[PDB]
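Notes follow the structure.
Protein chains: 2
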Amino acid sequence: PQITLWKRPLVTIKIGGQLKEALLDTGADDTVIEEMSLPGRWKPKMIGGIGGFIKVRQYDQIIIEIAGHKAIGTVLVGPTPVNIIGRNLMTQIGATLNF
Amino acid sequence: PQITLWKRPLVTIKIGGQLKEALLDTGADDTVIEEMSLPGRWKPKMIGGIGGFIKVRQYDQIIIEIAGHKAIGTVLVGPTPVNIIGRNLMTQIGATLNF
Ligand SMILES: CC(C)(C)NC(=O)[C@@H]1CN(Cc2cccnc2)CCN1C[C@@H](O)C[C@@H](Cc1ccccc1)C(=O)N[C@H]1c2ccccc2C[C@H]1O
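One line per chain: the protein sequences are R and L, in this order.
All residue numbers for the first sequence refer to UniProt numbering, where the first residue is 501 and numbers rise by one.
All residue numbers for the second sequence refer to UniProt numbering, where the first residue is 501 and numbers rise by one.
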């Protein structure tokens, strides 16, 4: 689709077989999802944004459906304020900015 | 133009008589520019990122050119590691996400 930016660009995702709402975030290098049970192995990491750093669980090679499009890649899980789809997965679904 | 997401989507902006590099950020509600001595009145604000909140100065009706496209709107100034162009100004230049 073509998505305008008058409202937050929220989409439905499926991760670990569960549906969630997430923000398409071109300013995010990575994808970070709120705390959940997720099948796979993980390693601890820290990520930083406005306001500082948070501790997350890094899961690699996770299947995630984003607005009906498949991606398979790195998903961080931790105390993010909103679910965020970052560039690592937006590139996989072919998303670009246009103006 | 079209901007892919393999790398951070940085563009040149003009604000306050200065050229800067800034990130086109669909996840940002607001526009946040690194500390600079902009003239006139402002209002204190706090804004929340992934790691918590920071204190910024809110300036209204600030002219800013984004990749050659003029816009005018609210600009927040404060200690950010990156200049962020948020939705409030991206809408004004007709930016969309497409996939
Ligand atoms: C107005 C303001 C800019 C404060 N908004 C944000 O920070 C929002 C906050 N919401 C949350 C919110 C908070 C409070 C209220 N409403 C919403 C989550 C999404 N962010 C937008 C992010 O796109 C901002 C970028 C800024 C940044 C870019 C590069 C380097 C440093 C900072 C951001 O935090 N990006 C980081 C990021 C993000 C996710 C995963 C990994 C990484 C690394 C890094 O790329």
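Heads up, the beta-carbon is just placed ideally off N, CA and C, and yes, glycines get one too.
Within the chosen limit of 6 angstroms, ligand 1 reaches the beta carbon of L:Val-582 through at least one heavy atom.
If you compare the alpha carbons of R:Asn-598, R:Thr-591 and R:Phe-599 with that of L:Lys-507, the shortest gap goes to R:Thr-591.
With a threshold of 16 other beta carbon atoms within 10 Å, R:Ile-572 falls short and is exposed. Rounded to the nearest angstrom, the gap between the Cα atoms of L:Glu-521 and R:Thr-531 is 24 angstroms. When the five nearest sequence neighbours on each side are left out, the beta carbons in the same chain lying within less than 6 angstroms of the beta carbon of L:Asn-583 are those of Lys-520, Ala-522, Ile-533 and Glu-534, in order along the chain. Taking all protein chains in view, the Cβ of R:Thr-580 is crowded by 16 or more other Cβ atoms within 10 Å, so the residue is classified as buried.
Here the alpha carbons of R:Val-575 and R:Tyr-559 stand approximately 5 angstroms from one another.
The beta carbon of R:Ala-522 sits no closer than 7 angstroms to any beta carbon of chain L. In this structure, L:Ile-547 has its beta carbon less than 6 angstroms from a heavy atom of ligand 1. For L:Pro-509, a Cβ of chain R is located within less than 7 angstroms of the residue's own Cβ.
Each residue's CA atom was taken as its position, placing L:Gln-518 and L:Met-536 some 10 angstroms apart. For R:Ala-528, the shortest separation between its Cβ and any heavy atom of ligand 1 lies below 6 angstroms. Across the segment 572-590 of chain R, CB contacts with chain L closer than 7 angstroms involve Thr-580, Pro-581, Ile-584, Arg-587 and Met-590, in sequence order along the chain. According to the DSSP assignment, R:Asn-588 belongs to no beta strand (DSSP E) but to the alpha helix (DSSP H) extending over 587-590.
When DSSP states are grouped into helix, strand and coil, L:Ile-554 belongs to the strand group.
Around the Cβ of L:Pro-539, a 10 Å sphere holds fewer than 16 other Cβ atoms; the residue is exposed.
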